[PDB]
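S.K.: This structure is in structure tokens; I'll ask about it shortly.
None of the figures in this text is laboratory data; all of them are computed from the coordinates on show. A quick note on method: Cβ atoms are made from the backbone with ideal geometry, for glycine too, and the neighbour counts reach across all protein chains shown.
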Number of protein chains: 2
Amino acid sequence: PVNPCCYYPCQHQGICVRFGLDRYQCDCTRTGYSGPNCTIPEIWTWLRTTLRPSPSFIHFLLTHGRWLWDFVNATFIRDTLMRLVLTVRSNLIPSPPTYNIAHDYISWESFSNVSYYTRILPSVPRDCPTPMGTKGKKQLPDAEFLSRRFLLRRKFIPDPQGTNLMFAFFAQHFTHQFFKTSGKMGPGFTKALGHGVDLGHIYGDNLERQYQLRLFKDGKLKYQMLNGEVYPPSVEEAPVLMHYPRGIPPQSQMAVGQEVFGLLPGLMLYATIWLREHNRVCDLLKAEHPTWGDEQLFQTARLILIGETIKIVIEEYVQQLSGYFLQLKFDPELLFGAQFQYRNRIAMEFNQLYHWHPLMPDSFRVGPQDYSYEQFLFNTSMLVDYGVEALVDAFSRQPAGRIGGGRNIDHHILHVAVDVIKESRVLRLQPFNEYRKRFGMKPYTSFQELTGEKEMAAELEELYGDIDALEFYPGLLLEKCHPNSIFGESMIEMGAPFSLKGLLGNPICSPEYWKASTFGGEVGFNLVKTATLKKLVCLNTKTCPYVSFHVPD
Amino acid sequence: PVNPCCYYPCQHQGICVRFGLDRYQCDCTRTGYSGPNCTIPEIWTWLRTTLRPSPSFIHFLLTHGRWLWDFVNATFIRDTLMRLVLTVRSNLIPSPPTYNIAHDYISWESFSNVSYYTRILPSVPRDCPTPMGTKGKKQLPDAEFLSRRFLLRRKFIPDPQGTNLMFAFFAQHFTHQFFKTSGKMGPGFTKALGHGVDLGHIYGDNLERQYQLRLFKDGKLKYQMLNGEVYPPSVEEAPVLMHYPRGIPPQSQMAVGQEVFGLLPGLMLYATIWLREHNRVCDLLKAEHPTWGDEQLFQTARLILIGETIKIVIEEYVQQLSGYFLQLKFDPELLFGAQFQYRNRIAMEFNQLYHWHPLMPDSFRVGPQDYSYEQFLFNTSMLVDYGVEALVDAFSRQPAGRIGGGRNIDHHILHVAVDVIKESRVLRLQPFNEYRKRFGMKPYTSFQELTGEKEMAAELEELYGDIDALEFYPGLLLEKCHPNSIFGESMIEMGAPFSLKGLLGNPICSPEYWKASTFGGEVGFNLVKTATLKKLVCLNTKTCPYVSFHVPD
Ligand SMILES: *[C@@H]1O[C@H](CO)[C@@H](O[C@@H]2O[C@H](CO)[C@@H](O[C@@H]3O[C@H](CO[C@@H]4O[C@H](CO)[C@@H](O)[C@H](O[C@H]5O[C@H](CO)[C@@H](O)[C@H](O)[C@@H]5O)[C@@H]4O)[C@@H](O)[C@H](O)[C@@H]3O)[C@H](O)[C@H]2NC(C)=O)[C@H](O)[C@H]1NC(C)=O
Ligand SMILES: *[C@@H]1O[C@H](CO)[C@@H](O[C@@H]2O[C@H](CO)[C@@H](O[C@@H]3O[C@H](CO[C@@H]4O[C@H](CO)[C@@H](O)[C@H](O[C@H]5O[C@H](CO)[C@@H](O)[C@H](O)[C@@H]5O)[C@@H]4O)[C@@H](O)[C@H](O)[C@@H]3O)[C@H](O)[C@H]2NC(C)=O)[C@H](O)[C@H]1NC(C)=O
Ligand code: COH
Ligand code: COH
Ligand SMILES: *[C@@H]1O[C@H](CO)[C@@H](O[C@@H]2O[C@H](CO)[C@@H](O)[C@H](O)[C@H]2NC(C)=O)[C@H](O)[C@H]1NC(C)=O
Ligand SMILES: *[C@@H]1O[C@H](CO)[C@@H](O[C@@H]2O[C@H](CO)[C@@H](O)[C@H](O)[C@H]2NC(C)=O)[C@H](O)[C@H]1NC(C)=O
Ligand SMILES: *[C@@H]1O[C@H](CO)[C@@H](O[C@H]2O[C@H](CO)[C@@H](O)[C@H](O)[C@H]2NC(C)=O)[C@H](O)[C@H]1NC(C)=O
Ligand SMILES: *[C@@H]1O[C@H](CO)[C@@H](O[C@H]2O[C@H](CO)[C@@H](O)[C@H](O)[C@H]2NC(C)=O)[C@H](O)[C@H]1NC(C)=O
Ligand SMILES: CCCCC/C=C\C/C=C\C/C=C\CCCCCCC(=O)O
Ligand SMILES: CCCCC/C=C\C/C=C\C/C=C\CCCCCCC(=O)O
Ligand SMILES: CCCCCCCCO[C@@H]1O[C@H](CO)[C@@H](O)[C@H](O)[C@H]1O
Ligand SMILES: CCCCCCCCO[C@@H]1O[C@H](CO)[C@@H](O)[C@H](O)[C@H]1O
Ligand SMILES: CCCCCCCCO[C@@H]1O[C@H](CO)[C@@H](O)[C@H](O)[C@H]1O
Ligand SMILES: CCCCCCCCO[C@@H]1O[C@H](CO)[C@@H](O)[C@H](O)[C@H]1O
Ligand SMILES: CCCCCCCCO[C@@H]1O[C@H](CO)[C@@H](O)[C@H](O)[C@H]1O
Ligand SMILES: CCCCCCCCO[C@@H]1O[C@H](CO)[C@@H](O)[C@H](O)[C@H]1O
């Protein structure tokens, strides 16, 4: 027979279940619909559905009333929308989490084995006719081809939104504390337990590595003055694992917390900035609390950074990305009246989606210099050579690149992209269209609709044969972008629900933890309530260069 | 100086914090009070406080209107009270959790290191004058003395509430899936990760031990027919760790999931009952879903047992214990409208409190026989000798013993009790009185008040010197009981908030997970919605003996 769940009969998040030898059932519990496949709207849902404006429209309101917005901004209406934006967006991520690479059903194991990345949608049944279930060709497009043909960059297409490189890295740095696929266990597993913003890419992802990094005195972290400025410590004091190439394992071979952070000045840069911050947070605290030991000073300053990060990521990172006129705001109390689980579990689909490699430019301008990938990659003096102030000022000036539209992934890194498309298949993520539904959107009816153009469109059809067959990672990049937007519709509609669920689902954001004593003192609490990119930098330097998630001018 | 937090200046859950060299501050955020020590009621709190009846009174209403109750029982008023009972009780356990044996403050570590048991109240500062902080003698009563003098049983005082042994064990069995203090790491740490009702005392507490126990076919568990009846499998097929004494490690040396369950027929008994159930749940499922593999059949049946257990524990276990006329009810939906975190972390204070060793009788009647501890303990044929039906019928007939009042802990096990009092000190739990406050009660003003009598009372004063010095585990047993109640006031007022927070905080109880598809089919869902002690037994036997948490007649 043909495993009925292969057609994806259940709609609106209904659970498909095999019953007997060839039949199935949809569990439409709390889906808002009743019916064999959850297709009959309840009295209200019907109301909801008929009165709900398109995401297309909403994204239009948020990006146009440059007046209605300055006003809505200066009032509570701002908080109302924030509290709205949040709740609604987050209400889409099943929490407690649901499935993993091993189970396409709820299990105690899935719940408790932190190692497993979690999936929003189950996987395409190993017995389904086509690779994607029902429609498509017996073979998905050779990802080697698919890549170079549509994702390989020809002419560097800069991000119309002004995004710069200073953002490009922070983005990379920041995302590598929860995305850490285990080579050993393979796709669908993560070393980054804690699944969130625990800065385990600073303090490391294990007590030992932390200890090996911890200078167990004043709660601070180790480090070394090179040129007079503070930098991370080398393995020769911070005896901990890394990935620096076999060459000078002693000097300029720094320990950070995120094993791979030596392979690019940008990563080590920020890494330095944060460490420089932590110890800075310790200096303040210690003054406020002399009767405090090392353990406290450490943990508390950590929280002050888990805070600061969650604030900058929201009021500055997501802001820039959003392009909204609405001025996002981070105030955990906005949900104290909602039903909101304070727990997160990174998702494989949220992982793929975050592969914004096309951000990375052609070369790397640094004042008059202009390092190439060979020069840049694995370099190890650039950072201490140029100094933080300077290097920051350099990224904050060179633009990043459009992430959507297609064809804008530098060739050097284009390999990554091909592997993502290969893993996605290993994982068996359902069709791009199937994810559109799940994330409150309409399934595309044609490639011509997917893509703004006609070329890539026809050609893709030729390959996938049927729009529904189309894949997750590819569609997400081959999709037409909102005019001037850094990326298309599906990226935000799918990204935000994962992002905000993650940002606010953080324990520190809960009523329980959100007090001034959790940051010991009022001082701690304010450092979180007022963090800035500009402050994370200029408060840990000698001079204040230029820094922002967008190019000046 | 004297560490100010040693006086416990902060009231109503206010957080004490050292500021400078000798001063402190109370963080009264959301405590309902403002003021240097959180002593000034907010407009509402004041309302709340003035209009709130005593726990003494409430426990009186719940245990008296044998008419007003039969009525309130047959109506929604029942659900209202349940939903009330729950929420309110659970609102007392800080979740996300707060501190552990290592930190008397919020920390990312405390949050994430599952190993650590969690504490409700911080610990008595290592620098405080007295052992308990401010009041008392330079030395706590020699726990060896304290025990034998007030906890050592003289004449067996049976539980007025009718509780029997069939309950005594289920209680023990059930509580050992979350209470598993690590000899290695020591007091304040637990092997039982998952901190809850995950039946990791059946399927074991690690994937391997599970696998070693799993018969990887039909999702069932291994086992062996002895006499014709099904029993657990020996290490010779279920190659897994245990603690059976060095003697006959081959035959009648059974593997269960809970390492220690061989050391008492009662434990192995239930262990058998549940296993016998699981495989039973598999037989049903498999019929409903032939197209199902082993992994599914396993996980799903597991959930059906995590369910069943949470139902019997609530509508029958807590019921009997409660003595309420209100008929408790397990229906997860009752909280779907409340703000309730679906996560739990066992607490050291909840651990101590659960040391109901005085339950265990003098000997063990089994029809005409009458095994002693020597005979009973570590026996290994009694179970297969007598057969489940019979042994169940035997415990369900012999009474248990009052848990409170003092002096009712058999001598054989009295050692346990002395260690509990020793560990409590290792842990540094604050004074019994300090916990009364924290759990919505008034601090005792004298031993004469604590205890109903005058003797133990005076004598104890002589020892502790000041009521406030009194300890946690001791007060909890030396406290006078509610007339006819199995134990005093402080046990329920402190136990329920830990219990219900734990029972409903279970992932399966959440909206997300509480669907019929999580138990695959409607059949699964009903097995959970209708479990009984009587069914957990008589549905896994040849004949239906007598079974209940109370003696017949
Ligand atoms: C999260 O989840 C992942 C898995 O998704 C966990 O990692 C995996 O863990 C398993 C077990 O720990 C591991 O197992 C693999 O399977 C091999 C097969 O084993 C054989 O077949 C059965 C299995 O039980 C046995 O009957 C066999 O007989 C043995 O019995 C004797 C008993 O003493 C053995 O001593 C003797 O060897 C005999 O053969 C036999 O065991 C297994 O042999 C091998 O270990 C292999 O690794 C997976 O490989 C793990 N890796 C992954 C990523 O899949 C992970 O632990 C979970 N996370 C946490 C912390 O809970
Ligand atoms: C939950 O939390 C518990 C702890 O509360 C965790 O278990 C404990 O884990 C720690 C570390 O893993 C372990 O450490 C103990 O401390 C000894 C002291 O170590 C020395 O002093 C410092 C410490 O970092 C170092 O500077 C010293 O120098 C070393 O540096 C070299 C670097 O390569 C070393 O190779 C070399 O040996 C050198 O001496 C030195 O390390 C430590 O030596 C020893 O391991 C000791 O065990 C605790 O003992 C653990 N046990 C407990 C229960 O306390 C647990 O892991 C957490 N749970 C999880 C899973 O997160
Ligand atoms: C938006 C974030 C971001 C950026 C800017 C970025 C920038 C760069 C970059 C530019 C200097 C280079 C040379 C690389 C190179 C790599 N990246 Co990324 N990566 C990023 C997010 C990721 C993620 C996410 C993964 C997958 C593994 C994981 O962390 O789970 C990744 C994986 C890789 C891999 C391993 C193979 C694979 O999974 O395909 C290589 C090699 N990379 N990356
Ligand atoms: C209400 C539950 C219950 C019962 C009926 C029970 C019945 C019995 C019993 C009767 C046949 C005997 C001989 C024992 C014997 C022991 N019990 Co318990 N125990 C119980 C709950 C506990 C807990 C809880 C612990 C502490 C360790 C842990 O599991 O974390 C414990 C610990 C012990 C220890 C280890 C030392 C210590 O911590 O003091 C011994 C020995 N015992 N127990
Ligand atoms: C690593 O980076 C350094 C600079 O940080 C590179 O050295 C510079 O190279 C350019 C030309 O490539 C010279 O004009 C500069 O004067 C150099 N700066 C100094 C003073 O060192 C170096 O080539 C890079 N190494 C690698 C890995 O390619
Ligand atoms: C283990 O339990 C068995 C019974 O299950 C004990 O054997 C019984 O002992 C009594 C007297 O103590 C006899 O009258 C019964 O006839 C015995 N039952 C049978 C048929 O074995 C045995 O003594 C116990 N062993 C230990 C550890 O003491
Ligand atoms: C529910 O979903 C199934 C799956 O696609 C629908 O399909 C079945 O019935 C169709 C309408 O008659 C046929 O075209 C299909 O052959 C048949 N396939 C399967 C999987 O059974 C079914 O109609 C849907 N029901 C509703 C109410 O729309
Ligand atoms: C707040 O708590 C402290 C701690 O007990 C109270 O005690 C201080 O002031 C008392 C009243 O004058 C004195 O008896 C104590 O010597 C002094 N001790 C400490 C720890 O400072 C304080 O009065 C309380 N304040 C209120 C408003 O009740
Ligand atoms: C789980 C830890 C935090 C992960 C998320 C942090 C950054 C994610 C990056 C982008 C977010 C998703 C889409 C980008 C544009 C802004 C999203 C829309 C905002 C909204 O409307 O709510
Ligand atoms: C965390 C896993 C579950 C732990 C709890 C299960 C059983 C606990 C035992 C006793 C509960 C506490 C007091 C006993 C009497 C009943 C409590 C009062 C009930 C109420 O009023 O809500
Ligand atoms: C127009 C914005 C009004 C305030 C925010 C409303 C919620 C915005 O958030 C999101 O908007 C999307 C549309 O792009 C919807 O598809 C999502 O379901 C919704 O969560
Ligand atoms: C309030 C609901 C009105 C009807 C639904 C929205 C009307 C169409 O909305 C349109 O959607 C387009 C798609 O991106 C945008 O480009 C347009 O700016 C917007 O006006
Ligand atoms: C009309 C909806 C409320 C907000 C409107 C914001 C945009 C109004 O459009 C206005 O057009 C004018 C003509 O060139 C310019 O002078 C203004 O700068 C521009 O904001
Ligand atoms: C009289 C019972 C009315 C319905 C249940 C109300 C909440 C009962 O529950 C508990 O009662 C205790 C009193 O013993 C209080 O101290 C606790 O704070 C409360 O949670
Ligand atoms: C509605 C509030 C009325 C005033 C507070 C309760 C009145 C006293 O309540 C009493 O408490 C005693 C203590 O256990 C019980 O023994 C009595 O049965 C009860 O009547
Ligand atoms: C009065 C509060 C409402 C419920 C009252 C339940 C208890 C009433 O007391 C009644 O006393 C009678 C005299 O012997 C007996 O016949 C009844 O069985 C007994 O329930």
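S.K.: When the convex hull of the C-alpha atoms of the protein assembly as shown is computed, what volume per residue in Å³ does it have?
M.R.: 188
S.K.: Taking the radius of gyration and the Kirkwood hydrodynamic radius from Cα positions alone, what is the Rg/Rh ratio for the range A:408-553, to two decimal places?
M.R.: On the Cα set of the range A:408-553, Rg over Rh gives 1.11.
S.K.: Across every pair of different alpha-carbon atoms, what Kirkwood hydrodynamic radius in Å does the range A:472-536 reach?
M.R.: Over the range A:472-536, the inverse of the mean reciprocal pair distance is 14.8 Å.
S.K.: With point charges of +1 on the Cβ of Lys and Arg and -1 on the Cβ of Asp and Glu, referenced to the Cα centre of the range B:332-446, which listed residue (B:416, B:364, B:348) lies farthest in the positive direction of the dipole?
M.R.: The one lying farthest along the dipole's positive direction is B:348.
S.K.: Full extension from residue A:137 to residue A:48: what is 0.36 nm times the residue separation minus their Cα-Cα distance, to one decimal in nm?
M.R.: Length gained, residue A:137 through residue A:48: 28.3 nm.
S.K.: I would also like to ask the following. Can you work out the base-10 log of I(q)/I(0) for the range A:239-284 at q = 0.17, 0.25, 0.29, 0.31 1/Å, using the Debye formula on its C-alpha atoms alone?
M.R.: Each listed q maps to, in turn, -0.51, -0.91, -1.07, -1.15.
S.K.: Translational D (Stokes-Einstein, µm²/s) of the range A:302-445 at 37 °C and 0.692 mPa s when Rh comes from the Kirkwood sum over C-alpha pairs?
M.R.: Taking Rh from Cα pairs, D becomes 171 µm²/s.
S.K.: Let me ask another. Return the sequence-ordered ³J(HN,Hα) values of the range A:73-87 in whole Hz as given by the Karplus equation 6.51 cos²θ - 1.76 cosθ + 1.60 applied to θ = phi - 60°, using x for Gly and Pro.
M.R.: Karplus values, whole Hz, x for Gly and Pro: 5, 6, 9, 4, 3, 5, 5, 4, 5, 4, 3, 7, 2, 3, 1.
S.K.: Over all directions, the average projected area of the alpha-carbon convex hull for the range B:2-42 comes to how many nm²?
M.R.: For the range B:2-42, averaging the hull's shadow over all directions gives 2.5 nm².
S.K.: Something else now. Can you pull the Rg over Rh of chain A, Cα-only, Kirkwood?
M.R.: 0.96
S.K.: Where the centroid of each part is defined by its Cα atoms, how far is the range B:41-81 from the range A:321-357 in Å?
M.R.: What the calculation gives is 41 Å, centre to centre.
S.K.: Say a label goes 7 Å from Cα toward Cβ at residue B:45 in every copy; what distances in nm does this one have to the rest, shortest first?
M.R.: Copy-to-copy label distances for residue B:45: 4.5 nm.
S.K.: Continuing with the same structure: Taking only the alpha-carbon positions of the range B:1-93 and ignoring solvent, what does the Debye formula give for the base-10 log of I(q)/I(0) at q = 0.16, 0.17, 0.26 Å⁻¹?
M.R.: With one equal scatterer per Cα and no solvent, log10 I(q)/I(0) is -0.82, -0.87, -1.27.
S.K.: Sticking with this one: Please list, in chain and number order, the residues 5+ apart from residue A:347 or on another chain whose amide H is under 5 Å from its amide H, with Hs placed from the backbone.
M.R.: A:118
S.K.: State which entries of B:220/B:534; A:501/A:535; A:135/A:454; B:311/B:529; A:138/A:454; B:311/B:501 exceed 19 angstrom in Cα-Cα distance in the structure shown.
M.R.: B:220/B:534; A:501/A:535; A:135/A:454; A:138/A:454
S.K.: When the expected Rg is taken as 2.2 N^0.38 Å, what fraction or multiple of it is the alpha-carbon Rg of the range A:58-164?
M.R.: 1.66
S.K.: Still on this structure: Assuming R0 = 45 Å, what is the FRET efficiency of residue A:206 and residue B:413, from their Cβ-Cβ distance, to the nearest 0.05?
M.R.: 0.70
S.K.: For a quick check: with amide H placed at 1.01 Å from N, whose amide H comes under 5 Å from residue A:99's, ignoring anything fewer than 5 positions away on the same chain?
M.R.: A:119
S.K.: At 222 nm, what helix-only mean residue ellipticity would the protein assembly as shown give, in deg cm²/dmol to the nearest 500, using -39500 (n - 2.57) for each DSSP H run of four or more?
M.R.: Taking each H run of at least 4 residues, the total per residue is -10500 deg cm²/dmol.
S.K.: Please find the FRET efficiency linking residue B:378 to residue B:237, where r is the Cβ-Cβ separation and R0 is fixed at 30 Å, and quote it to the nearest 0.05.
M.R.: E between residue B:378 and residue B:237, to the nearest 0.05, is 0.85.
S.K.: If r is the Cβ-Cβ distance from residue A:333 to residue B:371 and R0 is 56 Å, what FRET efficiency results, to the nearest 0.05?
M.R.: 0.40
S.K.: For residue A:226, which sequence-distant residues (separation of 5 or more, or a different chain) have an amide H within less than 5 Å of its own amide H, given hydrogens modelled in the peptide plane?
M.R.: Residues meeting the criterion, in which the H sits 1.01 Å from N, are A:231.
S.K.: Which GluC sites (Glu not before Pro) does the range B:177-263 hold that lie in a coil by DSSP with at most 15 other beta carbons within 10 Å?
M.R.: For GluC sites (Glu not before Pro) across the range B:177-263 that sit outside H, G, I, E and B with at most 15 neighbouring Cβ atoms in 10 Å, the list reads B:236, B:237.
S.K.: Further, regarding this structure: Quick one: what are the phi-derived ³J(HN,Hα) couplings along the range B:299-306, Karplus 6.51/-1.76/1.60 with θ = phi - 60°, whole Hz, x for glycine and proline?
M.R.: 2, 4, 5, 4, 4, 4, 9, 5
S.K.: Tell me, what HN-Hα J-couplings in whole Hz come from the Karplus equation 6.51 cos²θ - 1.76 cosθ + 1.60 at θ = phi - 60° for each residue of the range B:88-99, using x for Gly and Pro?
M.R.: Karplus-based 3J(HN,Hα) across the range B:88-99 equals 4, 4, 5, 5, 8, 9, x, 9, x, x, 10, 10 Hz.
S.K.: Another one. Among all the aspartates and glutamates, which ones have a C-alpha under 20 Å from residue B:542's C-alpha, if same-chain residues fewer than 8 places away are not counted?
M.R.: B:229, B:277, B:283, B:385, B:389, B:393
S.K.: In addition: Okay, which of the range A:148-175 sit inside 18 Å, backbone N to the point 7 Å along the Cα-Cβ direction of residue A:484?
M.R.: A:158-164
S.K.: Here's another thing I want to ask about it. Restricting attention to the protein assembly as shown, give the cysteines that have no other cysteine Cβ less than 4.7 angstrom from their Cβ.
M.R.: A:282, A:481, A:509, B:282, B:481, B:509
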